[PDB]
Amino acid sequence: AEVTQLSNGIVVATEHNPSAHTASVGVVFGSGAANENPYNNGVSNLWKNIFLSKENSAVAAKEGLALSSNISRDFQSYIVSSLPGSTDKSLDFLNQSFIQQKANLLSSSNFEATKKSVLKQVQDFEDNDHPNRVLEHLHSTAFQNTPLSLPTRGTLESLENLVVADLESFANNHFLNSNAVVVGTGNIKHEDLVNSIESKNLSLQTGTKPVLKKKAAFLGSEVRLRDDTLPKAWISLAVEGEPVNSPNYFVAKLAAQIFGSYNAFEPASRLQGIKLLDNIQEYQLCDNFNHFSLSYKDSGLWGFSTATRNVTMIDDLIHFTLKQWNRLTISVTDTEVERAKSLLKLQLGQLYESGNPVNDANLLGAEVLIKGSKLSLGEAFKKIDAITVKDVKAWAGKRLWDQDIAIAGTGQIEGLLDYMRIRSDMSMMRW
Amino acid sequence: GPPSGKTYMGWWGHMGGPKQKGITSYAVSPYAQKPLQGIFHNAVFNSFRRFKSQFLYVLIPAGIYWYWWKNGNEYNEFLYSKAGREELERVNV
């Protein structure tokens, strides 16, 4: 439970844990899909793919190292996992790929083979992963003509028109030192890693800063991807949520826990202490749903996603769900809040403390890049337990009550009513 | 309930139309839109167009009938004046 972070020439962040069996090392840059353009959209995802290319991956496999990368909206990460003893050989492969081979990975035979793979990759996503496809379009319409609208995997049209030069241009503008953080998770000590880093000098493009842009903004709107050939309807609906480092960061996440997630086929899920379940189970309004409180640097999204085969009652699904959310402003109970606290801790714990260091790296990296530090799991619980019904009400009355929404859906959505009908349900009539 | 006869309209979720695929729609909340005042400068010269194509279908039949009406009326006025009492006896019975 130690969050150590020091700065020499580069900012080093680590979180050591005795028993772990393995150690993960990697660099996390403060720029992701939110930094791209509509035309070079997908460059970051492309970088990730060559970094994991058969060539670069085989070089690490001989050495007994495993590679992992993750492209997000606000950040980007390249991670190498190793045994606690080879904590130095991971750094050799890291530097060898970001300075030495930052020209060998970009060969005309490797690039074309990779491009052909991310194309079949992004295509497969759009053709079959409907729930994530819908969630991606939700960001697209909610944050249209703004940084958060760009999809992480990039679009097919911007991808196929991408060249080696675009990779370089992005790398020379974002893979900078002032826009990076070296992260180490597993079991290795902070002093053990910082020494191996401060050993090898050479700045390489120091003092250089990444380009600036315009602030992200939420726009109440919708995108309907109707497709009657699909056997279900997948929808996602949300309001402007909370950005990371917001006073209500936790109040929002708790609010989403109150309604939680559901799976009609799992006996135990049908028994949860969620009032909404009394309404949706009678006629089986859906196969599943899940609420979320997505947070990013400039903004976020609070809402839910759902999947259903009850195509003639989608209006009841949306109506009952929105009536429940109305409650947060006027009648949420003490016990609902308390149930949420307990469940929020359990989920927040299971995330922050998993038996996998690669997840730890992403969580640590993403946090330190935005606030310059990481809030300890024990510190979070103190904030969570401090939330009162009055807090949730004040939050809901500002973020949910009579506020614009963003909608996205695909499949048999003929039954999903017009925007104004959904929007009207964001409140209730009163004397 | 009792069996219902087949019609050409269903209800939400089974309207009776053909299977739709490939069409994507977009919309923006009326709340986020420019309050009603922009229906000018951009929406004024464009208007009045949906009557420039139609006025002939209305005007010509109208003209034909107004003329026919005016003519018969003026003729009746003549017939019942002094000058036309001669013609009146002729065309009357």
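Scroll up a little and you will see the structure.
To start, this report covers the structure provided alongside it. (Residues numbered from 1 in each chain as written, not as in the entry; some residues may be left out. Chains lettered and ligands numbered in written order. Part of a larger assembly, values for the part shown. Heavy atoms only, no water.)

### Comments concerning the overall build of chain B
- Per the secondary structure count, chain B includes 2 helices and 1 strand.
- In chain B, the order of α-helices and β-strands from amino to carboxyl end is β-α-α.
- Its C-alpha atoms give chain B a radius of gyration of 30 Å, more than 25% over the compact-globule value 12 Å for 93 residues.
- Projected onto its principal axes, the C-alpha coordinates of chain B cover approximately 80 × 55 × 25 Å.
- Across the 93 residues that make up chain B, the buried fraction comes to 5%.
- On chain B, roughly 9,600 Å² of surface is accessible, and the fraction owed to carbon and sulfur atoms is 61%.
- Of the side-chain charges in chain B, 11 are positive and 5 negative, and the distance between the mean point of each set is 37 Å. (Helix = DSSP H or I, 4+ residues; strand = E, 2+ residues; numbered from the N terminus. Rg over C-alpha atoms; globule rule 2.2 N^0.38 Å. Buried < 20%, exposed > 50% of the residue type's maximum accessible area, 1.4 Å probe, protein only. Areas by Shrake-Rupley, 256 points an atom, 1.4 Å probe, with all protein chains shown as cover. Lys, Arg positive; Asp, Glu negative; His and termini not counted. Charge placed at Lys NZ, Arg CZ, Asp CG, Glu CD.)

### Observations regarding the interface of chain B and chain A
- Across the contact, 20 residues belong to chain B and 22 residues belong to chain A.
- The interface formed by chain B and chain A includes 1 salt bridge.
- Scanning the region where chain B abuts chain A turns up 9 residue pairs in polar contact.
- When grouped by side-chain class, the residues that make up the side of chain B that touches chain A number 11 nonpolar, 7 polar and 2 charged.
- Two elements, strand β7 (residues 221-226) of chain A and strand β1 (residues 25-28) of chain B, share 4 bridges in a ladder whose sense is antiparallel. Across the sheet, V223(A) pairs through a bridge with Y26(B), a residue of β1(B). (Contact = heavy atoms within 4.5 Å. Salt bridge = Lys/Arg side-chain N within 4 Å of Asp/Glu carboxyl O. Polar contact = N/O pair within 3.5 Å; in protein donor to acceptor, adjacent residues only side chain to side chain. Nonpolar A, V, L, I, M, F, W, Y, C, P; charged D, E, K, R; others polar. Pairing = 2+ DSSP bridges.)

### What about the packing of aromatic side chains?
Residue and element names in this part refer to chain A.
- Following the criterion strictly, the structure yields 19 aromatic pairs over all chains and no others.
- A centroid spacing of 4.4 Å and a plane angle of 10 degrees characterise the contact between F29 and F175, whose relative ring orientation is stacked. Within this pair, whereas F29 is found in strand β3 (residues 23-29), its partner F175 is found in the loop between α7 (164-174) and β6 (180-185), the two being separated by 146 residues in sequence. We note that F29, like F175, is buried.
- Between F143 and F218 the ring centres are 6.3 Å apart and the planes differ by 85 degrees, which places this aromatic pair in the edge-to-face class. With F143 in the loop between α5 (130-142) and α6 (156-159) and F218 in the loop between α8 (190-199) and β7, the pair connects residues that are 75 residues apart, well separated along the chain.
- A relative accessible area of 0% means that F143 is categorised as buried. (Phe/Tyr/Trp six-rings, centres within 6.5 Å; stacked < 30°, edge-to-face > 60°.)

### Examining the packing of helix α4 (residues 110-128) of chain A against α5(A)
All names here are of chain A.
- The contact between α4 and α5 brings their axes to 6 Å, and the two run at 95 degrees. Overall, the two elements α4 and α5 adopt an arrangement that is roughly perpendicular. In this structure, α4 uses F125, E126, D127 and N128 to contact α5, whose residues at the interface are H130, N132, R133 and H137.
- In the contact of α4 with α5, the residues fall into 1 nonpolar, 4 polar and 3 charged. (Axes fitted to C-alpha atoms, helices over the stretch in contact; angles between N-to-C directions. Parallel < 35°, antiparallel > 145°, perpendicular 65-115°, else oblique.)

### Re unusual backbone geometry
- Although it is not a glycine, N245(A) sits at a positive phi angle of roughly 80 degrees.
- For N245(A), the position within the fold is in the loop between β8 (233-240) and α9 (249-259).
- According to the relative accessible area criterion, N245(A) is exposed, its value standing at 55%.
- A positive phi is found at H41(B), a non-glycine position, where the angle reads about 75 degrees.
- Its place among the elements puts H41(B) in the loop between β1 and α1 (55-79).
- Take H41(B): its relative accessible area is 72%, and that puts it in the exposed class.

### Considering the nonpolar core
Residue and element names in this part refer to chain A.
- Ranked by internal contacts, the top residues of the largest apolar core, which has 50 residues, are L237, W302, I318, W325, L328 and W395.
- Not counting the four nearest positions on each side in its chain, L237 is found in contact with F292, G303, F304, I318, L322, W325, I405, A406, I407 and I422.
- Core analysis: the next-biggest nonpolar cluster, separate from the first, contains 27 residues, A60, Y78, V118 and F170 among them. (Core = buried A, V, L, I, M, F, W, Y, C linked by side-chain atoms within 4.5 Å.)

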